[PDB]
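Here the structure is laid out as structure tokens; the discussion comes afterwards.
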Amino acid sequence: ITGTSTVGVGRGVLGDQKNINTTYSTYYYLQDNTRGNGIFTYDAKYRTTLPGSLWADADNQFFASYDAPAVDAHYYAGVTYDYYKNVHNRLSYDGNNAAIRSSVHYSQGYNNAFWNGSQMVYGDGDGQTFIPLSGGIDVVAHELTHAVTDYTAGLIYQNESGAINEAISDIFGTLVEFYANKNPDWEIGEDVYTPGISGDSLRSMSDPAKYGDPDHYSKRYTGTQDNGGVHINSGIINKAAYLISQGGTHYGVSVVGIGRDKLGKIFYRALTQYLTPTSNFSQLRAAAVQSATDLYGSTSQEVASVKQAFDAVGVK
Ligand SMILES: N[C@@H](CCCC[NH3+])C(=O)O
Ligand SMILES: [Ca+2]
Ligand SMILES: [Ca+2]
Ligand SMILES: [Ca+2]
Ligand SMILES: [Ca+2]
Ligand SMILES: [Zn+2]
């Protein structure tokens with residue numbers, strides 16, 4: 001809509017209070033004009049028709065429990081925008097400030113969120129397995145990172161290429177968690193998964209086998225479920241990103257950690273410069289080793305730790 005840039009306030013899924021960029025024209029719209037061609041948040045109103053209606057509010061106050069998922073979808077899209085702009089000099093998901101569109105209240109009891117090729121979609125969950133999935137900054141950053149991947153490497157959402165795709169989304173989901181610096185971790189979806197059970201998560205990068213995901217190439221899933229295990233074989237790359245950042249010893253291979261900034265730079269460079277739609281794990285190692293070499297030189301600790309990390313999860 002055409003209108004005035006303004007600042008509203010509301011509560012997120014977790015009851016946290018935050019300010020949100022709105023646009024005034026009769027109603028206050030969840031439209032942020034401060035970021036590229038803007039960030040727009042829509043109400044799917046418990047239906048599967050997309051995007052639904054641009055989120056509208058009479059008083060610019062978003063404190064109803066109905067409002068909570070919209071507040072987080074809108075705010076965490078902004079933090080994610082800021083991360084790619086400030087840390088990687090990237091303007092929105094397409095590199096040219098494309099409008100970022102989110103719909104919340106998708107379907108009834110929907111225990112998922114997705115990038116549909118055009119926009120992000122968040123369910124409310126059933127209240128048991130999930131609460132509203134926009135509540136997780138790692139979830140919002142994960143789904144918008146699918147958009148980045150689609151406009152860069154274009155990794156095919158199948159087999160090894162699909163697993164790298166899933167891994168990139170978990171890596172950048174987590175680095176956006178750390179950039180926003182609330183209670184960041186190396187787990188995926190802890191904030192919105194199983195509200196009755198504390199301490200658990202959907203997936204773990206630090207120890208993927210905790211949730212039944214392989215942490216070594218030799219334990220890879222080769223069946224057809226989950227498009228050839230895109231959410232499963234992602235553990236092998238997830239664990240490698242974790243060792244590169246934090247270090248550790250895994251099946252007796254020692255890796256010196258180089259921290260989150262360097263991990264980000266290396267994997268962003270691999271994503272935008274070397275990876276292709278059909279890239280496998282082996283070509284991801286080569287891409288990640290070339291990126292560290294470009295950035296830090298062939299003889300650096302940074303290149304050594306990428307090599308030791310890919311060695312540790314059994315990727316030659
Ligand atoms: N995003 C993962 C986990 C979601 C929870 C399962 N309903 C997937 O779709 O496989
Ligand atoms: Ca209101
Ligand atoms: Ca957390
Ligand atoms: Ca997390
Ligand atoms: Ca839980
Ligand atoms: Zn994903």
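So you can find residues: chains in the structure tokens are A, B, ... in the order shown, residues in each start at 1, and ligands are numbered from 1 in order.
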Find the nearest atom pair between each residue of chain A and ligand 6 for residues within 10 Å, count only C-alpha atoms and all ligand atoms, give distances in Å to one decimal, sort rows by chain and ascending number, and present the table as a Markdown table.
```
| residue | atom | partner | partner_atom_place_in_ligand_line | distance |
| --- | --- | --- | --- | --- |
| A:113 | CA | ligand 6 | 1 (Zn) | 8.6 |
| A:114 | CA | ligand 6 | 1 (Zn) | 7.1 |
| A:115 | CA | ligand 6 | 1 (Zn) | 8.1 |
| A:139 | CA | ligand 6 | 1 (Zn) | 8.6 |
| A:141 | CA | ligand 6 | 1 (Zn) | 9.9 |
| A:142 | CA | ligand 6 | 1 (Zn) | 6.2 |
| A:143 | CA | ligand 6 | 1 (Zn) | 6.0 |
| A:144 | CA | ligand 6 | 1 (Zn) | 9.3 |
| A:145 | CA | ligand 6 | 1 (Zn) | 8.3 |
| A:146 | CA | ligand 6 | 1 (Zn) | 6.5 |
| A:157 | CA | ligand 6 | 1 (Zn) | 9.4 |
| A:162 | CA | ligand 6 | 1 (Zn) | 9.1 |
| A:163 | CA | ligand 6 | 1 (Zn) | 9.2 |
| A:165 | CA | ligand 6 | 1 (Zn) | 7.3 |
| A:166 | CA | ligand 6 | 1 (Zn) | 4.8 |
| A:167 | CA | ligand 6 | 1 (Zn) | 8.0 |
| A:168 | CA | ligand 6 | 1 (Zn) | 8.7 |
| A:169 | CA | ligand 6 | 1 (Zn) | 5.9 |
| A:170 | CA | ligand 6 | 1 (Zn) | 7.4 |
| A:173 | CA | ligand 6 | 1 (Zn) | 9.7 |
| A:230 | CA | ligand 6 | 1 (Zn) | 8.4 |
| A:231 | CA | ligand 6 | 1 (Zn) | 7.4 |
| A:234 | CA | ligand 6 | 1 (Zn) | 9.8 |
```
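A distance cut-off of 8 Å from ligand 3, applied to only C-alpha atoms and all ligand atoms, picks out the residues residues 136, 177, 182, 183, 184, 185, 187, 189, 190 and 191 of chain A.
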Keeping only N, CA and C atoms, write the selected residues to a file as a PDB file, in the first residue's frame.
```
ATOM      1  N   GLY A 136      10.447 -18.869  15.992  1.00  0.00           N
ATOM      2  CA  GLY A 136      11.852 -19.312  16.013  1.00  0.00           C
ATOM      3  C   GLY A 136      12.655 -18.532  15.008  1.00  0.00           C
ATOM      4  N   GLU A 177      20.499 -16.547  14.247  1.00  0.00           N
ATOM      5  CA  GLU A 177      20.238 -16.695  15.706  1.00  0.00           C
ATOM      6  C   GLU A 177      21.352 -16.004  16.511  1.00  0.00           C
ATOM      7  N   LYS A 182      20.057 -13.638  21.270  1.00  0.00           N
ATOM      8  CA  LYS A 182      19.107 -13.821  22.398  1.00  0.00           C
ATOM      9  C   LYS A 182      19.656 -14.966  23.273  1.00  0.00           C
ATOM     10  N   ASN A 183      19.200 -16.217  23.144  1.00  0.00           N
ATOM     11  CA  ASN A 183      19.896 -17.373  23.791  1.00  0.00           C
ATOM     12  C   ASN A 183      20.292 -18.330  22.676  1.00  0.00           C
ATOM     13  N   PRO A 184      21.248 -17.928  21.818  1.00  0.00           N
ATOM     14  CA  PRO A 184      21.562 -18.691  20.617  1.00  0.00           C
ATOM     15  C   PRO A 184      22.198 -20.054  20.928  1.00  0.00           C
ATOM     16  N   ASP A 185      21.976 -21.021  20.046  1.00  0.00           N
ATOM     17  CA  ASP A 185      22.496 -22.401  20.165  1.00  0.00           C
ATOM     18  C   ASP A 185      22.716 -22.968  18.762  1.00  0.00           C
ATOM     19  N   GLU A 187      21.208 -25.787  17.833  1.00  0.00           N
ATOM     20  CA  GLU A 187      20.006 -26.637  17.663  1.00  0.00           C
ATOM     21  C   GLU A 187      19.041 -25.884  16.730  1.00  0.00           C
ATOM     22  N   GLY A 189      15.151 -25.063  15.988  1.00  0.00           N
ATOM     23  CA  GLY A 189      13.712 -24.969  16.299  1.00  0.00           C
ATOM     24  C   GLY A 189      13.370 -25.165  17.768  1.00  0.00           C
ATOM     25  N   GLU A 190      14.326 -25.025  18.683  1.00  0.00           N
ATOM     26  CA  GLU A 190      14.116 -25.290  20.137  1.00  0.00           C
ATOM     27  C   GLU A 190      12.974 -24.394  20.666  1.00  0.00           C
ATOM     28  N   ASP A 191      12.859 -23.157  20.181  1.00  0.00           N
ATOM     29  CA  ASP A 191      11.924 -22.121  20.699  1.00  0.00           C
ATOM     30  C   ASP A 191      10.452 -22.483  20.444  1.00  0.00           C
TER      31      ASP A 191
END
```
(message) Using Å and a single decimal, report how far atom CA of residue A:288 sits from atom CA of residue A:246.
(response) 16.5 Å
(request) Run DSSP on the backbone of this structure and report the residues of stretch 74-222 of chain A it assigns to strand (DSSP E), as number ranges by chain. (result) A: 100-106, 113-115, 120-123, 187-188, 203-204
Closest-contact table, chain A side, partner ligand 5, 10 Å, counting only C-alpha atoms and all ligand atoms, as a tab-separated table:
```
residue	atom	partner	partner_atom_place_in_ligand_line	distance
A:128	CA	ligand 5	1 (Ca)	9.2
A:129	CA	ligand 5	1 (Ca)	8.1
A:130	CA	ligand 5	1 (Ca)	8.2
A:131	CA	ligand 5	1 (Ca)	9.7
A:189	CA	ligand 5	1 (Ca)	8.6
A:190	CA	ligand 5	1 (Ca)	5.9
A:191	CA	ligand 5	1 (Ca)	7.1
A:192	CA	ligand 5	1 (Ca)	6.9
A:193	CA	ligand 5	1 (Ca)	4.6
A:194	CA	ligand 5	1 (Ca)	3.6
A:195	CA	ligand 5	1 (Ca)	4.6
A:196	CA	ligand 5	1 (Ca)	6.1
A:197	CA	ligand 5	1 (Ca)	4.2
A:198	CA	ligand 5	1 (Ca)	4.6
A:199	CA	ligand 5	1 (Ca)	6.1
A:200	CA	ligand 5	1 (Ca)	5.1
A:201	CA	ligand 5	1 (Ca)	6.2
A:202	CA	ligand 5	1 (Ca)	8.8
```
What would the file look like if the residues just selected were written as a compact mmCIF listing (two decimals), in the first residue's frame with N, CA and C atoms?
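Written out: part-v4.txt:
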```txt
# COMPACT_ATOMS: atom_id res chain seq x y z
N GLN A 128 0.96 -29.04 20.50
CA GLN A 128 1.66 -30.21 21.10
C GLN A 128 3.07 -30.39 20.50
N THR A 129 3.18 -30.68 19.20
CA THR A 129 4.48 -30.82 18.50
C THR A 129 5.10 -29.44 18.27
N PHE A 130 4.28 -28.43 17.92
CA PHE A 130 4.75 -27.04 17.65
C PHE A 130 3.75 -26.01 18.17
N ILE A 131 4.29 -24.84 18.53
CA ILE A 131 3.58 -23.54 18.60
C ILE A 131 3.93 -22.77 17.33
N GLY A 189 15.15 -25.06 15.99
CA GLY A 189 13.71 -24.97 16.30
C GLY A 189 13.37 -25.17 17.77
N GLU A 190 14.33 -25.02 18.68
CA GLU A 190 14.12 -25.29 20.14
C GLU A 190 12.97 -24.39 20.67
N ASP A 191 12.86 -23.16 20.18
CA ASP A 191 11.92 -22.12 20.70
C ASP A 191 10.45 -22.48 20.44
N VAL A 192 10.15 -23.30 19.43
CA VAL A 192 8.75 -23.55 18.95
C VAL A 192 8.42 -25.05 18.91
N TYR A 193 9.40 -25.94 19.10
CA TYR A 193 9.22 -27.41 19.12
C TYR A 193 8.77 -27.87 20.52
N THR A 194 7.78 -28.76 20.60
CA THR A 194 7.31 -29.45 21.84
C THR A 194 7.28 -28.48 23.04
N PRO A 195 6.22 -27.67 23.22
CA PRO A 195 6.18 -26.73 24.34
C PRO A 195 6.12 -27.44 25.71
N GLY A 196 5.64 -28.69 25.76
CA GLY A 196 5.58 -29.50 27.00
C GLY A 196 6.93 -30.08 27.42
N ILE A 197 7.90 -30.20 26.50
CA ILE A 197 9.24 -30.82 26.78
C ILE A 197 10.34 -29.76 26.67
N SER A 198 11.04 -29.42 27.75
CA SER A 198 12.14 -28.42 27.70
C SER A 198 13.44 -29.13 27.28
N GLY A 199 14.33 -28.41 26.58
CA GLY A 199 15.72 -28.82 26.32
C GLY A 199 15.94 -29.54 24.99
N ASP A 200 14.87 -29.87 24.25
CA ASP A 200 14.94 -30.65 22.98
C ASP A 200 14.77 -29.71 21.77
N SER A 201 14.96 -30.25 20.57
CA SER A 201 14.91 -29.48 19.31
C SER A 201 14.60 -30.42 18.14
N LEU A 202 14.36 -29.86 16.96
CA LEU A 202 13.97 -30.63 15.75
C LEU A 202 15.19 -31.38 15.22
```
(message) When DSSP is applied to the backbone of this structure, which of stretch 209-281 of chain A are assigned alpha helix (DSSP H)? Write them out as a ChimeraX atom specification.
(response) /A:225-229,234-246,260-273,281
Go ahead and dump the residues you just picked, N, CA, C and O atoms, as a compact mmCIF listing (two decimals), in the first residue's frame.
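Saved file out.txt follows:
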```txt
# COMPACT_ATOMS: atom_id res chain seq x y z
N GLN A 225 12.82 -41.77 0.96
CA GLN A 225 12.04 -40.92 1.91
C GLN A 225 12.69 -39.53 1.98
O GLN A 225 13.93 -39.44 1.84
N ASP A 226 11.88 -38.49 2.19
CA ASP A 226 12.36 -37.11 2.45
C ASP A 226 13.22 -36.65 1.26
O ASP A 226 14.28 -36.05 1.50
N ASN A 227 12.78 -36.94 0.02
CA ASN A 227 13.47 -36.65 -1.27
C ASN A 227 14.91 -37.17 -1.24
O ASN A 227 15.81 -36.42 -1.70
N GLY A 228 15.14 -38.37 -0.72
CA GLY A 228 16.49 -38.95 -0.57
C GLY A 228 17.22 -38.42 0.67
O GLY A 228 18.44 -38.33 0.65
N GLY A 229 16.48 -38.10 1.72
CA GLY A 229 17.02 -37.76 3.05
C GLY A 229 17.59 -36.36 3.08
O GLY A 229 18.70 -36.22 3.55
N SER A 234 21.60 -33.98 5.92
CA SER A 234 21.99 -32.60 6.29
C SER A 234 22.85 -32.62 7.57
O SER A 234 23.72 -31.74 7.70
N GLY A 235 22.65 -33.60 8.45
CA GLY A 235 23.46 -33.78 9.67
C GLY A 235 24.95 -33.87 9.40
O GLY A 235 25.75 -33.41 10.24
N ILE A 236 25.36 -34.44 8.27
CA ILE A 236 26.81 -34.70 7.97
C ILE A 236 27.47 -33.35 7.74
O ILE A 236 28.55 -33.10 8.31
N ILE A 237 26.81 -32.50 6.95
CA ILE A 237 27.29 -31.12 6.64
C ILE A 237 27.08 -30.23 7.88
O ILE A 237 27.99 -29.44 8.17
N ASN A 238 25.96 -30.37 8.59
CA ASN A 238 25.67 -29.57 9.81
C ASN A 238 26.82 -29.72 10.81
O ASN A 238 27.37 -28.68 11.25
N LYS A 239 27.20 -30.98 11.11
CA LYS A 239 28.29 -31.33 12.04
C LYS A 239 29.61 -30.74 11.52
O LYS A 239 30.40 -30.21 12.34
N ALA A 240 29.86 -30.81 10.21
CA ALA A 240 31.10 -30.23 9.62
C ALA A 240 31.11 -28.70 9.86
O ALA A 240 32.13 -28.19 10.33
N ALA A 241 30.01 -27.98 9.62
CA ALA A 241 29.94 -26.53 9.89
C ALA A 241 30.24 -26.26 11.37
O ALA A 241 30.95 -25.30 11.70
N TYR A 242 29.66 -27.08 12.24
CA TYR A 242 29.84 -26.90 13.70
C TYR A 242 31.34 -27.05 14.05
O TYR A 242 31.85 -26.23 14.87
N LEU A 243 32.02 -28.06 13.49
CA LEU A 243 33.44 -28.33 13.87
C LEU A 243 34.31 -27.19 13.36
O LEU A 243 35.25 -26.79 14.08
N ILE A 244 34.02 -26.68 12.16
CA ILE A 244 34.76 -25.56 11.54
C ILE A 244 34.67 -24.35 12.47
O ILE A 244 35.71 -23.73 12.73
N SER A 245 33.46 -24.03 12.93
CA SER A 245 33.19 -22.87 13.82
C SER A 245 33.82 -23.10 15.20
O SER A 245 34.64 -22.29 15.58
N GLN A 246 33.42 -24.17 15.88
CA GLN A 246 33.58 -24.37 17.35
C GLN A 246 34.75 -25.31 17.66
O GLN A 246 35.27 -25.23 18.78
N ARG A 260 32.41 -18.27 14.07
CA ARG A 260 31.15 -18.17 13.30
C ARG A 260 31.31 -17.23 12.10
O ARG A 260 30.74 -17.55 11.06
N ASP A 261 32.02 -16.10 12.25
CA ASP A 261 32.23 -15.09 11.17
C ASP A 261 32.89 -15.75 9.96
O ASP A 261 32.40 -15.59 8.82
N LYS A 262 34.00 -16.42 10.22
CA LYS A 262 34.82 -17.10 9.19
C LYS A 262 33.99 -18.22 8.56
O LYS A 262 33.99 -18.31 7.33
N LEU A 263 33.27 -19.01 9.38
CA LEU A 263 32.38 -20.08 8.88
C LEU A 263 31.37 -19.46 7.92
O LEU A 263 31.19 -19.99 6.82
N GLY A 264 30.71 -18.38 8.35
CA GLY A 264 29.74 -17.64 7.52
C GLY A 264 30.36 -17.24 6.18
O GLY A 264 29.76 -17.57 5.14
N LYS A 265 31.50 -16.56 6.21
CA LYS A 265 32.18 -15.98 5.02
C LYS A 265 32.50 -17.11 4.05
O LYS A 265 32.28 -16.92 2.85
N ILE A 266 32.97 -18.24 4.57
CA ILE A 266 33.50 -19.38 3.76
C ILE A 266 32.33 -20.01 3.03
O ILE A 266 32.43 -20.23 1.82
N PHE A 267 31.24 -20.25 3.75
CA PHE A 267 30.06 -20.97 3.26
C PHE A 267 29.20 -20.03 2.42
O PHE A 267 28.59 -20.53 1.48
N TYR A 268 29.14 -18.73 2.74
CA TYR A 268 28.50 -17.74 1.85
C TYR A 268 29.28 -17.69 0.53
O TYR A 268 28.64 -17.57 -0.54
N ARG A 269 30.61 -17.76 0.58
CA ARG A 269 31.43 -17.59 -0.64
C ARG A 269 31.24 -18.83 -1.52
O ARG A 269 31.06 -18.65 -2.72
N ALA A 270 31.27 -20.02 -0.92
CA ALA A 270 31.01 -21.31 -1.58
C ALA A 270 29.65 -21.27 -2.27
O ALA A 270 29.54 -21.70 -3.44
N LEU A 271 28.63 -20.77 -1.56
CA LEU A 271 27.21 -20.74 -2.01
C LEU A 271 27.08 -19.86 -3.26
O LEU A 271 26.42 -20.30 -4.18
N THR A 272 27.69 -18.67 -3.26
CA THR A 272 27.48 -17.63 -4.29
C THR A 272 28.52 -17.74 -5.42
O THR A 272 28.30 -17.06 -6.41
N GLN A 273 29.58 -18.53 -5.27
CA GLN A 273 30.73 -18.49 -6.20
C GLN A 273 31.06 -19.86 -6.80
O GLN A 273 31.67 -19.86 -7.88
N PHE A 281 28.40 -33.76 -1.95
CA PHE A 281 29.18 -33.49 -0.71
C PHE A 281 30.65 -33.26 -1.05
O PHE A 281 31.31 -32.37 -0.49
```
(message) Set the distance at 10 Å and use only C-alpha atoms: which residues neighbour residue A:304 once local chain neighbours fewer than 2 positions away are removed? I'd like the list as a ChimeraX atom specification.
(response) /A:244,255-256,289,292-293,298-302,306-309
(request) Pick out the residues no farther than 6 Å from ligand 2, counting only C-alpha atoms and all ligand atoms, and list them as a list in words. (result) residues 57, 58, 59, 60, 61 and 62 of chain A
Output for the residues just chosen: N, CA, C and O atoms as a compact mmCIF listing (two decimals), in the first residue's frame:
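Saved file selection31.txt follows:
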```txt
# COMPACT_ATOMS: atom_id res chain seq x y z
N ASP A 57 -4.16 -3.44 11.10
CA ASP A 57 -4.45 -3.23 12.54
C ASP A 57 -4.90 -1.78 12.74
O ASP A 57 -4.27 -0.86 12.17
N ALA A 58 -5.93 -1.59 13.55
CA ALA A 58 -6.62 -0.28 13.69
C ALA A 58 -5.75 0.70 14.50
O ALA A 58 -5.80 1.90 14.18
N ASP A 59 -4.96 0.24 15.46
CA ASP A 59 -4.33 1.11 16.50
C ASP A 59 -2.78 0.98 16.52
O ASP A 59 -2.17 1.66 17.37
N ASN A 60 -2.17 0.16 15.67
CA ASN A 60 -0.68 -0.02 15.59
C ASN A 60 -0.16 -0.70 16.87
O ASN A 60 1.03 -0.50 17.22
N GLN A 61 -1.02 -1.47 17.56
CA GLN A 61 -0.66 -2.30 18.75
C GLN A 61 -1.08 -3.75 18.49
O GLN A 61 -2.25 -4.00 18.13
N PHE A 62 -0.13 -4.67 18.68
CA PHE A 62 -0.19 -6.07 18.21
C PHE A 62 0.01 -6.98 19.41
O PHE A 62 1.01 -7.72 19.45
```
(request) Tell me which protein, DNA and RNA residues are within 12 Å of residue A:50, counting only C-alpha atoms, leaving out same-chain ones fewer than 5 positions away, and put them as a PyMOL selection string. (result) chain A and resi 41-45+101-107+115-116+118-122
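Between atom CA of residue A:156 and atom CA of residue A:274 there is a distance of 14.8 Å.
When only C-alpha atoms and all ligand atoms are used to compute distances to ligand 4, the closest of the residues A:176, A:7, A:91, A:14 turns out to be A:176.
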